[PDB]
């Protein structure tokens, strides 16, 4: 009621002010008025206002202020204020009821003088012309300044307005932070001779912009207090899912964090073509729909990499063709160290094949479809003396061999880890699943990981830090070849220059200190199958589209799938003809594996129908390696290609094609589109560019290589034979990134088998125990526990020695 006098320090203007108490609102609220010289006698039509308002939390630019001029919200002119960008915006509103007020169409105008914004308050000094009398529709109101005083209402809110930069279009909910009104009465200072000079300082103006609605926000859930896990696995995928289940059989608490959203039907996925609406099936569930990922991939695939990777539950297993194979045991013999050889891995290979047996006849009616294309090549090959084997039992015949396509499917829908391992895991109470949640890095005190930092990627997901239960807790990185290498780098584990790139980013202030960095060759030894395409034609080739089966599917086949789980839709797009294999000895005395897959599709210039493309995959035995690195904002890039470096790698690719022509030489009516018949094989291979767009197989591997040679000693291995990161207590990597090289076939089978094997070694490892005072807690050769008994701290003594002190 009684006015406080307040002189503005900046502009020099004297206000009458009225404030609210600390109970009425928090952060505080103050109004002020400045009137003309004659104002205490005759009614003034204008005034100079002052607003000091509050931002409590949401606290940078947020909240809004209001004033009602005869004080009730209704049938009076409202003035509404709020910060955005660091400026202050206002709007003149008029409310009839106690719903959201409209814009005031009338002669009232606000022009600014001075403004302030900071973490506590936002200030405004403005000038209101023609604001003391109003009309809207049929409503007359006003206040007489000679009374002497006025009724004033006020409000304050916690959230900032929607469309906060476009005043005409703003969106509000009811005022949170407080409300009330005064009996405010005037005195000496509200009428000043200096007034008309004060109102010429109204020159200032603010720039609004409309631009439409906003998609940016991502509201998140903060991480539960007093919760921890025995194992935390990062990412659902070929490695992630199977390892999380097998850990969860132990009874220990397991959490699985995944950046993606729900993928298949069973797990709550919604993405479908318009003709799957009336079922629970989803585009990831139908095999014949699997190639649409090359047409519309948005939000399905990772934005932080220059390559194709699924960010969805099941990762690669959700977007791939589903090809499944009993692993060739020689691949383990050649690639892996001891404990991972063919004989050690035999146990876990049967366990994986029991949960996911795979099938050569995905259709549940019992036989195959559009096999005429398959037939041409199949018979043409045994004519040159090749041998049909079943790729699901004697896996040992990879030389001059073909087989029927073999999938991971179960009941004619996409099979694999999502349909088996992740179901039997969800049934358990210890198991928990978090989606739409990105892991930024692991948190660690020295070589011991305490917990992991998460950031909500999409809405459902979580922000903040989850701990592992202490001293025993373990983290497993399953986030894929590029994803896992990235997490390590951001965790201060990797080559120096890459860590510097991280330190120089927006991650840097919060990043681990470099006193604790671990030098490992993360990102080195990048490797991929080397893919090369050839094209043939025959009149026997039956083409099926599959791309417009999205929109306008064949009705006999749609009804055949939906009703019976049969028809062409139960096998992979595109229709995948025979798989065949050849091993080749080079002049360097290495045997390089070839893996051919044939699908009935057109390639570079050869139109679809009559056409079969034959993709050669250069596998195990290839010597060439690349490297992965980080962009300045921490995108993963392939800066060194692993394709056709060694001249003997290229020799084998060329050989393969020659041998294939000789073996298809006697077949009726067989064209060769590529290489065209005027062209030699070597000439063709050489015209193919060696570039990841031309030659990549999407089988990326090896960026944290497993080996017995510690990286910190100038060896090549990031993780040891138990899949644990050198220099660490609790930190493991289970996924394609540990493979020292590519296997014969498509890697998903090899990865799940490998996840089975690792979860057994991990579990077999003795519990971790804190190091006593004076004990050895670290340095470049140290393999033991990295954490001290409390209060004691790990401290560095030499350049080579850390002890608990």
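Positions refer to the first chain, counted from 1.
Look at the mean CA B-factor for 355-363 and for 484-492 in the entry; the higher one is 355-363. When the C-alpha B-factors of 52-60 and 26-34 are averaged, 52-60 comes out higher. Residue set 656, 316, 578, 212: peak C-alpha B-factor at 212 (per PDB entry). Considering 248, 676, 648, 463 together, the PDB entry gives 676 the largest C-alpha B factor. Ranked by Cα temperature factor within the chain, residue 116 sits in the highest third according to the deposited record.
Residue 201: CA B factor in the highest third of modelled residues in this chain (values from the PDB entry). Annotation for residue 531: C-alpha temperature factor in the lowest third relative to the rest of the modelled chain, per the entry. In the PDB entry, residue 18 places in the middle third of its chain by CA B-factor. For residue 667, the recorded CA temperature factor ranks within the highest third of the chain's modelled residues.
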